[PDB]
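A single chain, nothing else alongside it, follows as structure tokens in the form solved without the ligand.
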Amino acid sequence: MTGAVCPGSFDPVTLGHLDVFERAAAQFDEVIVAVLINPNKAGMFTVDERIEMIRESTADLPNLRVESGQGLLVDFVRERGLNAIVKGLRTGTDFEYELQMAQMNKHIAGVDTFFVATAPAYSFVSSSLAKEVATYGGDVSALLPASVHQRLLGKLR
């Protein structure tokens, strides 16, 4: 019966994200990873690539599925008969902005947002910082799932 949506651009998914997915899947009957797309900015990976990388690293989570979307997150959530968001916290999270969005999302659609801190080991990776470090040759292999790392290097070369 219970369920939550884990949203993000996941460009690419990191081990910080996967940690949060795993916790959500352990605590809710169903979890949907929402790959949210801005149709007006391309990013590094296509939607199909993003989804494939997530699926390949979540194969051990039977109650997790992955879908893309755009527009209001709360519409994505409600159209699936759910009303909870689970969002990860890491070092460098703009928490004040996350709080603003959470209060807005509850106001307009009655959707709750639960925050969970990612594991310390994965607390300083972000999609953007991983892409930046890898661009200049830094080793981010320990911070990304195998489904991502060499595809990332491929894009960069």
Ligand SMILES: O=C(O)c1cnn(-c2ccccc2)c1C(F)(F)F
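Shifts are known only where both forms have a C-alpha. For the two forms, the rigid core is made up of the largest set of C-alpha atoms that agree within 1.5 Å on superposition. In case it trips you up, residue 1 is the first one in the sequence shown, and so on.
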Third-or-more of other entries without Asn40:
yes
Comparing 41 to 49 with 27 to 35, the higher average Cα temperature factor in the PDB entry belongs to 41 to 49
Given the B-factors recorded for C-alpha atoms, which segment has the greater mean, 13 to 21 or 132 to 140?
132 to 140
Sort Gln100, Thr113, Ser57, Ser126 by C-alpha B-factor from the entry and give me just the highest.
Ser57
Rank-wise, by C-alpha B-factor, drop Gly88 into the lowest, middle or highest third of its chain.
middle
Chain-relative C-alpha B factor for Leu152 (record values, thirds): the middle
How does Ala119 rank on Cα B-factor within its chain, lowest, middle or highest third?
middle
Lowest, middle or highest third - CA B-factor, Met104:
lowest
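What follows is about the form solved in complex with the ligand, which we do not show.
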Might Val148 be said to contact the ligand in the deposited complex, defining contact as any heavy atom within 4.5 Å?
no
Just checking whether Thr118 would be counted as a contact of the ligand in the deposited complex - the rule being heavy atoms within 4.5 angstroms.
yes
Proximity of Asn63 to the ligand in the deposited complex, heavy atoms at 4.5 Å:
no
With a cut-off of 4.5 Å between heavy atoms, is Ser128 one of the residues that contacts the ligand in the deposited complex?
yes
Judged by heavy atom distances of 4.5 Å or less, which residues of 2 to 29 approach the ligand in the deposited complex?
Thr14, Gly16, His17, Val20
Upon rigid-core superposition, which contiguous segments of at least three residues exhibit Cα shifts of 2 angstroms or more between the shown form and the other one?
90 to 95
